[PDB]
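Colleague: Please read through the structure below; I'll follow up with questions.
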Amino acid sequence: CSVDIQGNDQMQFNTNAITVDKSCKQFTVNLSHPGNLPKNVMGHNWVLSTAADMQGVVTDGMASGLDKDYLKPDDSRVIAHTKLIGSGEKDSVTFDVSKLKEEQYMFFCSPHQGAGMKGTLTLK
Ligand SMILES: [Cu+]
């Protein structure tokens, strides 16, 4: 009921598809950042929304800027998210699987989603 994910200096995650087992009550994402760049140059987060909400979350998040971890404050469309991390840092988020429907979900790094830093998540 957990997955470890890396975001690197090339704006790539090392998975682009997450499967959450139907039997999980909670699911945890452990994000880390190989590389040698600080959070204010190449920072990554991990953000989950419906496929339909992704573009708006990214647009509004990018506009909110670095000091808001590139997320619109209190954004109702964000199902779960980590903080923004730089190289050698790590952050984990846990969420209730009850928040998912057996729907199209996307995960992404908000500042680098437009550069392709995204993938799918499905409750299976
Ligand atoms: Cu990123």
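Colleague: For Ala52 and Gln10, FRET efficiency with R0 = 35 Å and r from the beta-carbon atoms, rounded to 0.05?
Modeller: 0.80
Colleague: State whether region 1-100 is rounded, prolate or oblate according to the following rule on the C-alpha gyration tensor (a ≥ b ≥ c being the square roots of its eigenvalues): a/c under 1.5 gives rounded; otherwise a/b larger than b/c gives prolate, and the remaining case gives oblate. Don't skip to the answer; put the middle values down first.
Modeller: On the way: a/c = 1.97, a/b = 1.20, b/c = 1.64.
Oblate is the answer for region 1-100, as a/c is 1.5 or above yet b/c matches or exceeds a/b.
Colleague: Pairs on different chains or at least eight residues apart, Cα atoms closer than 19 Å: how many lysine pairs in the chain fit?
Modeller: Close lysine pairs under the 19 Å cut-off: 19.
Colleague: So for region 5-67, averaging the separation of alpha carbon pairs under 8 Å that are six or more residues apart and normalising by length, what relative contact order in percent results?
Modeller: After rounding, I find 33 percent.
Colleague: Restricting to the chain, compute how many DSSP beta bridges are antiparallel as a %, nearest 5.
Modeller: Around 70 percent of the beta bridges assigned by DSSP in the chain are antiparallel ones.
Colleague: For the chain, what is the mean residue ellipticity at 222 nm derived from helices alone (per DSSP H run of n ≥ 4: -39500 (n - 2.57); sum divided by total residues; nearest 500 deg cm²/dmol)?
Modeller: Rounded to the nearest 500, it is -3000 deg cm²/dmol.
Colleague: Would you mind computing, in nm to one decimal, how far apart the modelled labels at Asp21 and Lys99 are, each placed 7 Å from Cα along Cα→Cβ?
Modeller: Distance between label points: 2.1 nm.
Colleague: Separate question: Given H placed 1.01 Å from N in the peptide plane, which residues other than close sequence neighbours of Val20 have an amide H under 5 Å from its amide H?
Modeller: Close amide H contacts, sequence-distant or interchain: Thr122, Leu123, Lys124.
Colleague: OK, next. Under a Cβ-Cβ limit of 4.7 Å, which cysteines in the chain have nobody to pair with?
Modeller: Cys109, each lacking another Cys Cβ under 4.7 Å.
Bear in mind that the values in this text are calculations on the coordinates, not laboratory data. As a convention, Cβ positions derive from the backbone with ideal geometry for all residues, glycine included, and neighbour counts pool all protein chains shown.
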